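Structure first, then comments.
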2 protein chains.
Amino acid sequence: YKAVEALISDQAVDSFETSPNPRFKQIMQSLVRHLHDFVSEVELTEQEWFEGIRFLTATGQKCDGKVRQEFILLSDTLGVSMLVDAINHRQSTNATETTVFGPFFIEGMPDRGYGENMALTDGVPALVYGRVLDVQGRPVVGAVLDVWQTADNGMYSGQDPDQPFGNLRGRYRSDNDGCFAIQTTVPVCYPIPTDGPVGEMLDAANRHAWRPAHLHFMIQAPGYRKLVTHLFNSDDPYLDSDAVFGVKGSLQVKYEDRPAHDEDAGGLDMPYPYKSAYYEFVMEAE
Amino acid sequence: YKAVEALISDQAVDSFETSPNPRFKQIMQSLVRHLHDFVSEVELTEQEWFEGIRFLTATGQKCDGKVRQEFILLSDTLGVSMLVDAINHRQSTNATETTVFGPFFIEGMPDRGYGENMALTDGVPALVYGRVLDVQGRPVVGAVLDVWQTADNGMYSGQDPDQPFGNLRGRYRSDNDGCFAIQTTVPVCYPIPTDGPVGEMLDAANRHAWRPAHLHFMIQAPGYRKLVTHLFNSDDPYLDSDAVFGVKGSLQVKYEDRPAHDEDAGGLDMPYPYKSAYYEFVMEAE
Ligand SMILES: CCCCCCCCCCCCCCCCC(=O)O[C@H](COC(=O)CCCCCCCCCCCC)COP(=O)(O)OCC[N+](C)(C)C
Ligand SMILES: CCCCCCCCCCCCCCCCC(=O)O[C@H](COC(=O)CCCCCCCCCCCC)COP(=O)(O)OCC[N+](C)(C)C
Ligand SMILES: [Fe+3]
Ligand SMILES: [Fe+3]
C-alpha cells in the first residue's frame, strides 16, 4: 500500500524469470501483470475473490469427459474465442472473414452433389448458392465446402442423436466455374447451454443466451488456406447481440423470397416459391 | 485487425452494460478488458488457448469436495491471494502487517496457559514470546492469540490426522502487561502440493514449491480489529522465494540461541539451552 501491493505483484511476475521456455515466461508474466492490475483496479474484496474461486471451480467441474466444455463456453461468452480466432487469421485482402468452428463439426459426412438437399427434417426450404473465388476474382475449381447447421429444434445432428445420419450436414464442391449450390432449410436461432455457471454469469449480466441463425462453412482447396466461417441470416433479431460475438458485417447474407422457376437459381429449376441466399467466398492463396 | 480485433473486445465489454448490479458490471468489464488486453499483448495462439482451456479445466477438476482446492492454490501461487489480502487490510500505522489465513486453521483448539507447551511431537524446543500492544505502545490485555504451525513432517495436525489432537495448535492470551509466551518447536519449511496442475505450472516456471518456516497467528481483542498474519523464521533459505509470496520484511523474527536459565524469558525459567523468538504485535483500534 501502495508499495506493499506493488511489491507483491512484482514478486509474482518476477517469479517466472527462471522459465526455460521464454514463450511460457512471456505468457505467464503478461497474464500475472494483467490479473493483478485487474484485482487492483477494481479493489476486489475477499468475498468477491471467494465468488471467483467458487465460479471457476464450478466451471471446471461442469466439464465432463464428453459433450460439455464449460470453460470453452466461458471463453466464447467472454469473447476470448473470437479474439483468438481473429489474431491468428489476420487478413489484408478481400478474403472472406473467419470465425471459430464451434463445437459442432462432425467428420465423415456425405459428399453431396450440386444442389443436393441436406435437410432431412421439417423447415422452410432454402437454396444457398454462390461461388468460391480467389482474391483476383477467378473461380476456385473443386473446392470442398463442409457445411452444417441446426435443425428447427435448435440442435445439430446428432448432437441430437435422434435426427437422421447426415441431416443438415454435407460436403459440397465448387464446379468448373467455382459455383456451388446447397438445398437446405432456413437456419433458425438457438440458445447456448445455460444450465451451468456460464448461464449464471449471463443471468447476472442481463445477457440473453441466443445465437443468431447461421450456416457453418469449412472450405478447402489445393493451393489455398483453409477457411472456417459462418454465414448469418441478415434479418435475425440477435445479429447485433450474438452471445459469443461471432457475427461480422461481411458474413451476413439475405435469404430473399424468390418466385417458382426463378432463372437466377445457379441452373436449378425450383418447383415452388422459395428462400435463397447467394454468397461469394474468397479464399487466400498458400 | 486492428479494427476487427478491437471491435470484438468492445462488444464483449459492452455486453455487460445491462447488468442490474453496477458492481458486477464494474468487475466484469474490467476483467474482460484485462483478459482481452492480455490475449492481444502476447498474440495468444490457438494451441496456447487450448492449453489454457485444458489447464483451467484440470484445475477445477482437481478440486474435491473436501481437502483440496486447486483454484485457491493457483490464486496463491500467482500472488492473487496475497494481493487481495493487502488491498483489504490497508494500514498507515505501525500496526502489524497482515497475511492470508492459509487453508490450515482449525476451530476449537485448547486454551493454553502462559508458556504452555503445544509441541506434542519431536522437534527443536523454542520459546516464542512477546507482547500485544496498541498503536500507542500500551499493552492489550486479554488478547487471544490462536496459533498453529506444521510438525517436522511439514504437516499440520490433523491435516495429518495421525498427529495428537491439538498438536502445535493453541489459543494463548496476553497477560496484564500484554505479554504472551508459547513453548513449541522451531517451525520447519514445507512444500505446497505439486501433484496437480499448479505443480505443472511451477515445473514449467522452474519455480520451487517451498514455503519458508512460519508460525500462524490470529489475534483478537475487544476494541481491536482482528489480525491474521505469519511470523517467518529469519534464517530460512526460502524467505526471498516464498512460493505463495507470504513473506513481508516486518514479519520475520530471529530464533536466537539462548543459555539455560536465561533471565530474559518472559519470567519463565528454561531448564536447557533453547531457541527463542521475541515479537511485539501491534493491533488497530476499532
Ligand atoms: C477460458 C477463458 C476465460 C477464463 C478467464 C478466467 C476468469 C474469468 C471467469 C470469471 C467469471 C466470474 C463471473 C462470476 C459471476 C458472478 C455471479 O454470477 O453472481 C453475481 C454476484 O456476485 C458478485 O458480484 C461477485 C463477482 C465476483 C467476480 C470475481 C471474479 C474474479 C476472478 C478472480 C478470483 C480468483 C482468481 C450475481 O449478481 P447479482 O445477483 O448481485 O445481480 C443483481 C441482479 N439480480 C439480483 C436481479 C440478479
Ligand atoms: C484463481 C485466480 C487465478 C485464475 C486466473 C485464470 C487464468 C490463470 C491460470 C492459467 C495458468 C496456465 C498455466 C499453464 C501451464 C502451461 C504449462 O504448464 O505447459 C508448458 C507449455 O505450454 C505453453 O507454453 C502454453 C501456455 C499457455 C498458457 C495459456 C493461458 C491463457 C489462459 C487463457 C486461455 C483460455 C481462457 C510447459 O512448458 P515447456 O515444457 O514448454 O517448458 C520448457 C522446459 N522443459 C521442457 C524443460 C520443461
Ligand atoms: Fe452453430
Ligand atoms: Fe502455514
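To be explicit about the labels: the chains of the C-alpha cells are called A, B, and onward in the order shown, and within each one the residues are counted from 1, while ligands get numbers from 1 in the order they are shown.
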>> ligand 3: which residues are within 12 Å, counting only C-alpha atoms and all ligand atoms? Reply as a ChimeraX atom specification.
In response: /A:99-105,147-151,154-157,159,168-169,187-192,210-217,228-232,242-244,246-247
>> Neighbours of ligand 1 at 6 Å or closer, counting only C-alpha atoms and all ligand atoms: which residues, as a PyMOL selection string?
In response: (chain A and resi 48-49+51-53+55+71-72+74-75+200-201+204) or (chain B and resi 20-21+24+53+75)
Only N, CA and C atoms, please: the residues just picked out, written as a short mmCIF file (atom, residue, chain, number, x, y, z; two decimals), in the first residue's frame.
```cif
data_model
loop_
_atom_site.label_atom_id
_atom_site.label_comp_id
_atom_site.auth_asym_id
_atom_site.auth_seq_id
_atom_site.Cartn_x
_atom_site.Cartn_y
_atom_site.Cartn_z
N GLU A 48 -15.75 -11.25 -2.94
CA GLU A 48 -15.75 -11.35 -4.41
C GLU A 48 -14.71 -12.38 -4.93
N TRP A 49 -13.52 -12.39 -4.30
CA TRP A 49 -12.49 -13.36 -4.63
C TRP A 49 -13.04 -14.78 -4.40
N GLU A 51 -16.09 -15.69 -4.48
CA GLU A 51 -17.05 -15.93 -5.61
C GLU A 51 -16.33 -16.38 -6.90
N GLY A 52 -15.26 -15.66 -7.29
CA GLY A 52 -14.45 -16.03 -8.46
C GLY A 52 -13.92 -17.43 -8.29
N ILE A 53 -13.42 -17.75 -7.08
CA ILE A 53 -12.94 -19.13 -6.82
C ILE A 53 -14.08 -20.16 -6.96
N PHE A 55 -16.91 -19.88 -8.63
CA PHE A 55 -17.27 -19.89 -10.04
C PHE A 55 -16.33 -20.69 -10.96
N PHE A 71 -15.59 -24.46 -19.81
CA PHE A 71 -14.50 -23.44 -19.95
C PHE A 71 -14.48 -22.83 -21.36
N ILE A 72 -14.68 -23.66 -22.39
CA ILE A 72 -14.76 -23.15 -23.76
C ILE A 72 -15.98 -22.23 -23.87
N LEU A 74 -17.30 -20.52 -21.53
CA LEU A 74 -16.93 -19.25 -20.84
C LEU A 74 -16.04 -18.38 -21.71
N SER A 75 -15.01 -19.01 -22.31
CA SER A 75 -14.13 -18.32 -23.32
C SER A 75 -14.97 -17.71 -24.43
N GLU A 200 -25.30 -18.65 -15.26
CA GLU A 200 -25.38 -17.75 -14.10
C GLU A 200 -24.79 -16.42 -14.36
N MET A 201 -23.59 -16.41 -14.96
CA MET A 201 -22.97 -15.18 -15.35
C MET A 201 -23.85 -14.37 -16.34
N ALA A 204 -26.80 -12.81 -14.35
CA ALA A 204 -26.33 -11.66 -13.63
C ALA A 204 -26.05 -10.48 -14.54
N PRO B 20 -27.87 -5.41 -13.86
CA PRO B 20 -28.64 -4.68 -12.83
C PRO B 20 -27.69 -4.21 -11.68
N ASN B 21 -26.74 -5.07 -11.29
CA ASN B 21 -25.79 -4.74 -10.19
C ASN B 21 -24.54 -4.05 -10.74
N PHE B 24 -21.06 -5.68 -10.14
CA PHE B 24 -20.84 -6.81 -11.03
C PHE B 24 -20.48 -6.32 -12.43
N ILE B 53 -7.24 -23.66 -21.76
CA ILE B 53 -8.53 -24.37 -21.52
C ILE B 53 -8.29 -25.72 -20.80
N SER B 75 -4.50 -19.38 -7.27
CA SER B 75 -4.58 -17.96 -6.77
C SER B 75 -3.38 -17.64 -5.88
#
```
>> Could you work out which residues of chain A fall inside 6 Å of chain B? Count only C-alpha atoms, and format the result as a PyMOL selection string.
In response: chain A and resi 12+16+18-19+34+57+60-61+78-79+205-206
Using N, CA, C and O atoms, can you write the selected residues to a file as an mmCIF file, in the first residue's frame?
```cif
data_model
loop_
_atom_site.group_PDB
_atom_site.id
_atom_site.type_symbol
_atom_site.label_atom_id
_atom_site.label_comp_id
_atom_site.auth_asym_id
_atom_site.auth_seq_id
_atom_site.Cartn_x
_atom_site.Cartn_y
_atom_site.Cartn_z
ATOM 1 N N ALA A 12 5.410 -11.709 -7.892
ATOM 2 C CA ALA A 12 4.634 -12.722 -8.606
ATOM 3 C C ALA A 12 5.069 -12.763 -10.083
ATOM 4 O O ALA A 12 5.336 -13.810 -10.638
ATOM 5 N N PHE A 16 8.587 -15.865 -12.520
ATOM 6 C CA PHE A 16 8.642 -16.619 -13.782
ATOM 7 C C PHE A 16 9.912 -16.390 -14.610
ATOM 8 O O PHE A 16 10.066 -17.053 -15.625
ATOM 9 N N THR A 18 12.879 -17.324 -14.382
ATOM 10 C CA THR A 18 13.589 -18.549 -14.480
ATOM 11 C C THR A 18 13.032 -19.585 -15.506
ATOM 12 O O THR A 18 13.690 -20.630 -15.676
ATOM 13 N N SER A 19 11.836 -19.384 -16.109
ATOM 14 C CA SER A 19 11.245 -20.415 -17.010
ATOM 15 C C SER A 19 12.224 -20.663 -18.165
ATOM 16 O O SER A 19 12.709 -19.714 -18.760
ATOM 17 N N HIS A 34 -1.597 -8.677 -15.814
ATOM 18 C CA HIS A 34 -2.997 -8.283 -16.153
ATOM 19 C C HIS A 34 -3.945 -8.691 -15.039
ATOM 20 O O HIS A 34 -4.866 -7.925 -14.673
ATOM 21 N N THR A 57 -14.280 -22.943 -10.084
ATOM 22 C CA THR A 57 -14.242 -24.330 -9.669
ATOM 23 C C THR A 57 -15.440 -25.041 -10.356
ATOM 24 O O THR A 57 -15.285 -26.097 -11.007
ATOM 25 N N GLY A 60 -14.960 -25.559 -14.089
ATOM 26 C CA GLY A 60 -14.153 -26.757 -14.358
ATOM 27 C C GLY A 60 -14.937 -28.043 -14.076
ATOM 28 O O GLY A 60 -14.874 -28.996 -14.878
ATOM 29 N N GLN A 61 -15.702 -28.059 -12.980
ATOM 30 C CA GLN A 61 -16.453 -29.261 -12.592
ATOM 31 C C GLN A 61 -17.580 -29.609 -13.549
ATOM 32 O O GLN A 61 -17.973 -30.785 -13.602
ATOM 33 N N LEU A 78 -17.227 -14.691 -23.180
ATOM 34 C CA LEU A 78 -16.450 -13.516 -22.773
ATOM 35 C C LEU A 78 -15.674 -12.972 -23.953
ATOM 36 O O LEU A 78 -14.888 -12.008 -23.807
ATOM 37 N N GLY A 79 -15.892 -13.565 -25.130
ATOM 38 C CA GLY A 79 -15.318 -13.032 -26.409
ATOM 39 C C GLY A 79 -13.858 -13.414 -26.673
ATOM 40 O O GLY A 79 -13.235 -12.970 -27.665
ATOM 41 N N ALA A 205 -25.605 -10.758 -15.782
ATOM 42 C CA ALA A 205 -25.291 -9.668 -16.712
ATOM 43 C C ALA A 205 -26.505 -9.063 -17.420
ATOM 44 O O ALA A 205 -26.384 -8.089 -18.160
ATOM 45 N N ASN A 206 -27.626 -9.724 -17.247
ATOM 46 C CA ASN A 206 -28.897 -9.490 -18.009
ATOM 47 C C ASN A 206 -28.595 -9.718 -19.506
ATOM 48 O O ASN A 206 -29.067 -8.967 -20.389
#
```
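For the pair atom CA of residue 227 of chain A and atom CA of residue 96 of chain A, the separation is 7.8 Å.
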>> Write out as a PyMOL selection string the set of residues from segment 14-223 of chain B that DSSP, computed on the backbone, places in helix (DSSP H, G or I).
In response: chain B and resi 14+22-42+46-61+70-77+80-87+197-205
Deliver the residues from the most recent selection as a file, using C-alpha atoms, as a CSV table (one decimal), in the first residue's frame.
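That gives us selection.csv:
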```
chain,number,residue,atom,x,y,z
B,14,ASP,CA,-20.2,-3.7,-23.7
B,22,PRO,CA,-23.3,-2.0,-11.1
B,23,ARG,CA,-20.5,-3.6,-9.0
B,24,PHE,CA,-20.8,-6.8,-11.0
B,25,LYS,CA,-20.8,-4.7,-14.2
B,26,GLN,CA,-17.7,-2.9,-13.0
B,27,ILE,CA,-15.9,-6.2,-12.2
B,28,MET,CA,-16.9,-8.0,-15.4
B,29,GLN,CA,-16.0,-5.0,-17.7
B,30,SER,CA,-12.6,-4.7,-16.0
B,31,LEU,CA,-12.0,-8.4,-16.1
B,32,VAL,CA,-12.9,-8.7,-19.8
B,33,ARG,CA,-10.8,-5.7,-20.9
B,34,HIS,CA,-7.8,-7.1,-19.0
B,35,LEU,CA,-8.3,-10.6,-20.3
B,36,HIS,CA,-8.6,-9.3,-23.9
B,37,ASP,CA,-5.6,-7.0,-23.5
B,38,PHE,CA,-3.5,-10.0,-22.3
B,39,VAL,CA,-4.5,-12.2,-25.2
B,40,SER,CA,-3.8,-9.2,-27.6
B,41,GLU,CA,-0.5,-8.3,-26.0
B,42,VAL,CA,1.0,-11.8,-26.3
B,46,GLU,CA,-5.0,-21.3,-30.8
B,47,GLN,CA,-2.8,-24.1,-29.4
B,48,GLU,CA,-1.8,-22.0,-26.4
B,49,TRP,CA,-5.6,-21.1,-25.9
B,50,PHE,CA,-6.3,-24.9,-25.9
B,51,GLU,CA,-3.6,-25.3,-23.3
B,52,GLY,CA,-5.2,-22.6,-21.1
B,53,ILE,CA,-8.5,-24.4,-21.5
B,54,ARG,CA,-7.1,-27.9,-20.6
B,55,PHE,CA,-5.2,-26.3,-17.6
B,56,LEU,CA,-8.3,-24.5,-16.2
B,57,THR,CA,-10.4,-27.5,-16.7
B,58,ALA,CA,-7.9,-29.8,-14.9
B,59,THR,CA,-7.5,-27.2,-12.1
B,60,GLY,CA,-11.3,-27.2,-11.5
B,61,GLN,CA,-11.4,-31.0,-11.7
B,70,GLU,CA,-6.5,-26.3,-6.6
B,71,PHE,CA,-8.1,-22.9,-7.7
B,72,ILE,CA,-7.1,-21.4,-4.3
B,73,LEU,CA,-3.6,-22.9,-4.7
B,74,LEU,CA,-3.4,-21.3,-8.2
B,75,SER,CA,-4.6,-18.0,-6.8
B,76,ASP,CA,-1.9,-18.3,-4.1
B,77,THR,CA,1.0,-19.3,-6.4
B,80,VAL,CA,-3.5,-13.1,-6.2
B,81,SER,CA,-4.4,-14.2,-2.7
B,82,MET,CA,-1.8,-12.0,-1.0
B,83,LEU,CA,-2.7,-9.1,-3.3
B,84,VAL,CA,-6.3,-9.4,-2.3
B,85,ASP,CA,-5.4,-9.7,1.4
B,86,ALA,CA,-3.3,-6.5,1.2
B,87,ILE,CA,-6.0,-4.5,-0.6
B,197,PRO,CA,-1.9,-28.6,-12.4
B,198,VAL,CA,-0.3,-25.9,-10.1
B,199,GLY,CA,2.7,-28.4,-9.8
B,200,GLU,CA,2.9,-28.4,-13.6
B,201,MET,CA,2.9,-24.7,-13.9
B,202,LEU,CA,5.6,-24.4,-11.2
B,203,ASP,CA,7.7,-27.0,-13.0
B,204,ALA,CA,7.4,-25.2,-16.3
B,205,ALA,CA,8.4,-22.0,-14.5
```
> Could you write out, as a ChimeraX atom specification, all the residues of segment 51-270 of chain B that DSSP marks as strand (DSSP E)?
Replying inline: /B:125-134,144-148,169-173,179-185,190-191,210-211,214-220,227-233,252-253,256-258
Residue selection dump (C-alpha atoms) as a compact mmCIF listing (two decimals), in the first residue's frame:
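out.txt was written with the following content:
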```
# COMPACT_ATOMS: atom_id res chain seq x y z
CA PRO B 125 12.36 -26.73 21.50
CA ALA B 126 11.64 -22.99 21.15
CA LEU B 127 10.08 -20.27 23.28
CA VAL B 128 8.05 -17.79 21.17
CA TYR B 129 7.17 -14.84 23.38
CA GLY B 130 6.43 -11.10 23.26
CA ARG B 131 3.60 -8.61 23.73
CA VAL B 132 0.41 -7.49 22.13
CA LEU B 133 0.32 -3.69 22.06
CA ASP B 134 -1.82 -0.87 20.66
CA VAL B 144 -6.48 -14.09 22.39
CA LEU B 145 -3.66 -15.46 20.08
CA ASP B 146 -4.73 -18.54 18.08
CA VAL B 147 -1.55 -20.12 16.76
CA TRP B 148 -0.77 -23.09 14.54
CA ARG B 169 -2.08 -25.57 17.91
CA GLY B 170 -3.30 -23.45 20.79
CA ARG B 171 -5.22 -20.41 21.98
CA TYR B 172 -2.97 -18.30 24.22
CA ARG B 173 -3.64 -14.96 25.99
CA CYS B 179 2.85 -10.40 27.50
CA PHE B 180 2.39 -13.80 25.93
CA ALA B 181 4.57 -16.92 25.86
CA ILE B 182 4.29 -20.07 23.81
CA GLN B 183 6.52 -23.16 24.07
CA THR B 184 6.80 -25.04 20.82
CA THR B 185 9.31 -26.42 18.34
CA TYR B 190 7.45 -27.43 3.86
CA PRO B 191 6.34 -27.69 0.16
CA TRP B 210 8.53 -24.37 -0.78
CA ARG B 211 7.22 -22.17 1.92
CA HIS B 214 6.48 -19.92 9.85
CA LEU B 215 4.11 -19.70 12.75
CA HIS B 216 0.47 -18.64 12.01
CA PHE B 217 -1.23 -16.09 14.30
CA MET B 218 -4.82 -14.89 14.58
CA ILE B 219 -5.09 -12.30 17.35
CA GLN B 220 -8.39 -10.86 18.62
CA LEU B 227 -5.17 -9.63 12.97
CA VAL B 228 -4.28 -12.72 10.89
CA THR B 229 -0.57 -12.89 10.00
CA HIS B 230 2.52 -15.26 9.91
CA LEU B 231 5.92 -14.86 11.76
CA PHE B 232 8.60 -16.25 9.47
CA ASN B 233 11.98 -17.63 10.68
CA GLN B 252 10.47 -12.06 10.10
CA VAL B 253 11.69 -12.93 13.55
CA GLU B 256 18.19 -16.83 18.81
CA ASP B 257 20.17 -19.45 20.67
CA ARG B 258 19.79 -18.77 24.37
```
> By how many Å are atom 5 (C, counted along the ligand's line) of ligand 2 and atom CA of residue 237 of chain B apart?
Replying inline: 28.5 Å
> Taking only C-alpha atoms and all ligand atoms into account, which of B:196, B:158, B:267, B:139 comes nearest ligand 2?
Replying inline: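 With only C-alpha atoms and all ligand atoms as the atom set, the closest residue is B:196.
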>> I'd like the interatomic distance between atom CA of residue 262 of chain B and atom CA of residue 276 of chain B, to a tenth of an Å.
In response: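 Taking atom CA of residue 262 of chain B and atom CA of residue 276 of chain B, their separation equals 10.2 Å.
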